[PDB]
Amino acid sequence: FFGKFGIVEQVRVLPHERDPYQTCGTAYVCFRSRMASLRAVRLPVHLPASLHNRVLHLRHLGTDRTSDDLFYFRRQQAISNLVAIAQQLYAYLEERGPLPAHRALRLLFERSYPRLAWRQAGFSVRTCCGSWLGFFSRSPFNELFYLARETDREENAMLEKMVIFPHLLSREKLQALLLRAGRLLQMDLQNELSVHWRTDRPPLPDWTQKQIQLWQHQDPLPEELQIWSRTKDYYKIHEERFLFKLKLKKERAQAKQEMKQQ
Amino acid sequence: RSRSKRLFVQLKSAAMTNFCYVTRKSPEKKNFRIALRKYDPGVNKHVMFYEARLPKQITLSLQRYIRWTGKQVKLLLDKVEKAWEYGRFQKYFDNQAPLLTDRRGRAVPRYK
């Protein structure tokens with residue numbers, strides 16, 4: 001995991017007081033570079049179910065910087081706020097008709113995390129889309145709204161001369177669109193936590209990939225050794241039909257591999 | 001143990017039905033070709049039959065040794081291959097060996 005940020009000099013995991021084969025829950029990661037360590041400390045580490053769904057908390061020993069353990073839930077709140085903002089803007093357009101951008105945007109509010117205090121809607125937009133233009137141009141919000149001409153300075157000037165028009169939808173279509181927007185934002189949230197560990201790294205030989213696999217899975221034992229487990233009580237060991245079936249399966253697999261090659 | 005020197009002769013049908021009769025002939029007539037006109041049930045009448053040229057043992061002990069150690073498995077794998085190429089194990093209308101093995105890996109039912 002931590003190779004994504006630079007060269008890792010060492011990783012150590014403290015054993016449990018009562019079971020040296022298990023961990024107490026603490027580890028130390030020593031990096032080659034200060035910048036790499038500082039980049040690594042920024043986000044917490046979310047683990048899958050097989051690792052008990054734990055969220056690992058990181059603490060830099062040279063600067064006291066800590067990971068942002070509330071990132072996931074704050075982003076979930078931001079996504080809910082964005083969906084609410086879209087619904088509010090659509091309702092405002094349905095009531096007052098087409099509206100200018102700089103006046104419509106000031107009618108939209110979000111609820112802060114975690115206690116849900118009303119706020120001017122400017123943070124969810126920049127945490128989920130980066131800007132109001134991104135919000136409008138990214139799907140499925142461009143299926144709800146249509147921007148029309150009559151840096152931050154460019155953004156403000158560009159919005160100061162627009163009118164937001166609605167796409168006339170039914171209740172069911174709008175509800176489906178809102179659910180779709182929520183799902184897509186959720187996927188965006190998961191991507192940044194599950195970035196791939198081979199990003200910007202050289203390819204690995206087949207032997208190296210097998211060594212990587214062996215840390216998690218063991219290859220099946222050879223079938224020639226396995227055949228001896230057929231008990232004499234019910235089986236005839238080394239039976240002709242059984243061995244011919246094995247040969248036919250091997251031939252079929254080789255033929256399929258040849259087809260794949262060609 | 002019989003001590004007769006008579007030669008065994010197999011008369012195959014000339015109708016290509018694979019039907020045969022069997023008899024014996026004197027050793028003096030080794031190079032004499034026997035031919036007869038006899039009934040052939042494959043075609044339902046009398047056709048010609050002609051004598052043919054007719055150009056180790058796998059015992060119980062050898063079978064047991066192979067199946068317990070599998071050091072000369074090819075001998076029986078060849079018989080399995082011949083059966084497979086001929087048309088055994090075709091899944092249908094076959095009471096004897098419809099399948100190579102059951103789902104659990106046994107070669108059943110025992111038909112021999």
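Residues numbered from 1 in each chain as written, not as in the entry; some residues may be left out. Chains lettered and ligands numbered in written order. Part of a larger assembly, values for the part shown. Heavy atoms only, no water.

For this deposited structure, the header cites cryo-EM as the method used and 2.2 Å as the resolution.

All right, on to the overall build of chain B then. The secondary structure content of chain B amounts to 2 helices and 4 strands. Beginning at the N terminus, the succession of helices and strands in chain B can be written as β-β-β-β-α-α. Overall, the C-alpha framework of chain B stretches about 55 × 35 × 20 Å when taken along its three principal axes. The burial tally for chain B puts 21% of its 112 residues in the buried class. For chain B, the accessible area works out to roughly 9600 Å², and carbon and sulfur atoms hold 52% of it. Seen as two clouds, the 28 positive and the 8 negative side-chain charges of chain B have centres 7 Å apart. (Helix = DSSP H or I, 4+ residues; strand = E, 2+ residues; numbered from the N terminus. Buried < 20%, exposed > 50% of the residue type's maximum accessible area, 1.4 Å probe, protein only. Areas by Shrake-Rupley, 256 points an atom, 1.4 Å probe, with all protein chains shown as cover. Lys, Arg positive; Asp, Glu negative; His and termini not counted. Charge placed at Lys NZ, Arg CZ, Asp CG, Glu CD.)

Residue and element names in this part refer to chain B. Note: strand β1 (residues 7-13) against strand β2 (residues 20-25), 6 bridges, orientation antiparallel. Directly across from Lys 12, in β2, lies its bridge partner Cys 20. Counted along the chain from β1 to the antiparallel partner β2, the turn is 6 residues long, and its residue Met 16 has a positive phi close to 65°. (Pairing = 2+ DSSP bridges.)

Residue and element names in this part refer to chain A. Spatial ordering of the open sheet is given by β5-β9-β8, a layout of 3 strands whose pairing is antiparallel. The strands lining the two open edges of the sheet, one partner per strand, are β5 (99-100) and β8 (145-149). Pairing of β5 with strand β9 (residues 162-166), which is carried by 2 bridges, proceeds in the antiparallel orientation. Opposite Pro 100, over in β9, you have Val 163 as the bridge partner. Packed onto the sheet, helix α2 (residues 71-96) meets β5, β8 and β9 and runs at close to 90° relative to β9. (Contact = heavy atoms within 4.5 Å. Axes fitted to C-alpha atoms, helices over the stretch in contact; angles between N-to-C directions.)

In this structure, the largest pocket encloses a volume near 1300 Å³. For the largest pocket, the lining is made up of 33 residues, of which A:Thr26, A:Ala27, A:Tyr28, A:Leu56 and A:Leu58 are closest to its centre. Of all the secondary-structure elements, those providing two or more residues to the lining of the largest pocket are β1 (8-16), β2 (19-31), α1 (34-40) and β4 (55-56) of chain A. The greatest single-element share of the lining of the largest pocket, amounting to 9 residues, is contributed by β2(A). When grouped by side-chain class, the residues that make up the lining of the largest pocket number 19 nonpolar, 11 polar and 3 charged. Taken as a whole, the second largest pocket encloses approximately 770 Å³ of empty space. The wall of the second largest pocket is formed by 26 residues, among which A:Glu239, A:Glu240, B:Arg67, B:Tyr111 and B:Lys112 lie closest to the centre. Counting residues per element, the ones that place at least two in the lining of the second largest pocket are α10 (240-261) of chain A together with α1 (60-69) and α2 (74-86) of chain B. Taken together, the residues that form the lining of the second largest pocket break down as 12 nonpolar, 2 polar and 12 charged. (1 Å grid on protein atoms, 1.4 Å probe; cavity = no way out; pocket = protein on both sides within 12 Å on 5 of 7 lines; lining within 4 Å. Points joined across faces, edges and corners; volume = space filled by probe spheres on them. Nonpolar A, V, L, I, M, F, W, Y, C, P; charged D, E, K, R; others polar.)

Looking at the element boundaries, A:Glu155 is found in helix α6 (residues 152-159). With residues up to four places along the chain from it excluded, the contact list for A:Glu155 reads A:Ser131, A:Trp132 and A:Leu133.

This part is about the pairing of strand β3 (residues 35-40) of chain B. All names here are of chain B. By the bridge criterion, 6 bridges tie β3 to strand β4 (residues 45-51) in an arrangement that is antiparallel. For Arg 37, the partnering residue across the bridge sits in β4 and is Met 48. A loop of 4 residues connects β3 with β4, the two strands running antiparallel in sequence, and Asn 44 in this loop sits at a positive phi of about 70°.

This paragraph deals with the side chain of A:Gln77. Assignment of secondary structure puts A:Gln77 in helix α2. Contacts of A:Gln77, omitting those with residues within four sequence positions, involve A:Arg111, A:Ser112, A:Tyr113 and A:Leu116.

With that out of the way, let us pick up the interface of chain A and chain B. On the side of chain B, 24 residues touch chain A, which itself brings 17 residues to the contact. Each partner contributes to the roughly 1800 Å² buried at the junction of chain A and chain B, and carbon and sulfur atoms together form 64% of this total. On the chain A side of the interface with chain B, the three residues burying the most area are A:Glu240, A:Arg241 and A:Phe244, jointly 42% of the side's total. Salt-bridge contacts for A:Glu240 lead to B:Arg67; the nearest nitrogen and oxygen are separated by 2.4 Å. For the pair chain A and chain B, the interface holds 6 residue pairs in polar contact. Of the residues assigned to the side of chain A that touches chain B, the class counts are 8 nonpolar, 1 polar and 8 charged. (Buried area = accessible area lost by both parts, 1.4 Å probe. Salt bridge = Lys/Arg side-chain N within 4 Å of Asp/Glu carboxyl O. Polar contact = N/O pair within 3.5 Å; in protein donor to acceptor, adjacent residues only side chain to side chain.)

This next bit is on the environment of A:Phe1. Following the sequence through the fold, A:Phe1 ends up in the segment before β1. Each C-alpha atom, one on A:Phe1 and one on A:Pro100, is 47 Å from the other, the two residues being 99 residues apart in sequence.

Residue and element names in this part refer to chain A. Scanning the model with the defined rule gives 12 salt bridges over all chains in all. Put simply, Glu 143 and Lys 173 hold a salt bridge, and the shortest N to O gap is 3.9 Å. By relative accessible area, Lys 173 is classed as partly exposed at 38%. A salt bridge links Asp 233 to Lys 232; the nearest nitrogen and oxygen atoms lie 3.0 Å apart.

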